[PDB]
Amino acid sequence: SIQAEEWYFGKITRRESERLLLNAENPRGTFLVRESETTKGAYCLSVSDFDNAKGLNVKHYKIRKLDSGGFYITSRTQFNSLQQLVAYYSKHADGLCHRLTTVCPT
């Protein structure tokens, strides 16, 4: 159950996710998963990043959920659960701004 996950923030807005992630104390890869503001049944993986060009900034990746069961950011790489997706992207940056590291503080 995703509701049970500490990185699942459920129904918060994109702006709020940004407010929480743009904390100077957050290293690259700080993240949270939330409901998409405008797509029923899809989620957003909000991730903090940092470089000298943009400083501290946030990237939002849409996570798709198949009726056929799979979770994915890119259809080429699917998972049986949102937990497995989160675990995979904590080890591989692949197309993300940074691999997932720590859950975002409130």
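Position 1 is the first residue in the sequence shown; the rest follow in order. Only the largest set of C-alpha atoms that superpose within 1.5 Å between the two forms is called the rigid core.
Undergrad: C-alpha RMS from this form in 7 other deposited structures of this protein, rigid core superposed: larger for 16-24 or 91-99?
TA: The more displaced stretch in 7 other deposited structures of this protein turns out to be 16-24.
Undergrad: Please indicate which stretch deviates more in 7 other deposited structures of this protein: 53-61 or 28-36, judged by C-alpha RMS distance after a core superposition?
TA: Result of the core-fitted comparison in 7 other deposited structures of this protein: 53-61 deviates more.
Undergrad: If you average the CA temperature factors over each stretch, which comes out higher, 42-50 or 69-77?
TA: If you average the C-alpha B-factors of 42-50 and of 69-77, the larger mean comes out for 69-77.
Undergrad: For the stretches 82-90 and 11-19, which has the higher mean C-alpha B-factor as given in the deposited record?
TA: The stretch with the larger mean CA B-factor is 11-19.
Undergrad: Determine which member of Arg34, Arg64, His60, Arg28 has the highest CA B-factor, using the values in the deposited entry.
TA: Max CA B-factor in the entry, restricted to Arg34, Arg64, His60, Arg28: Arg64.
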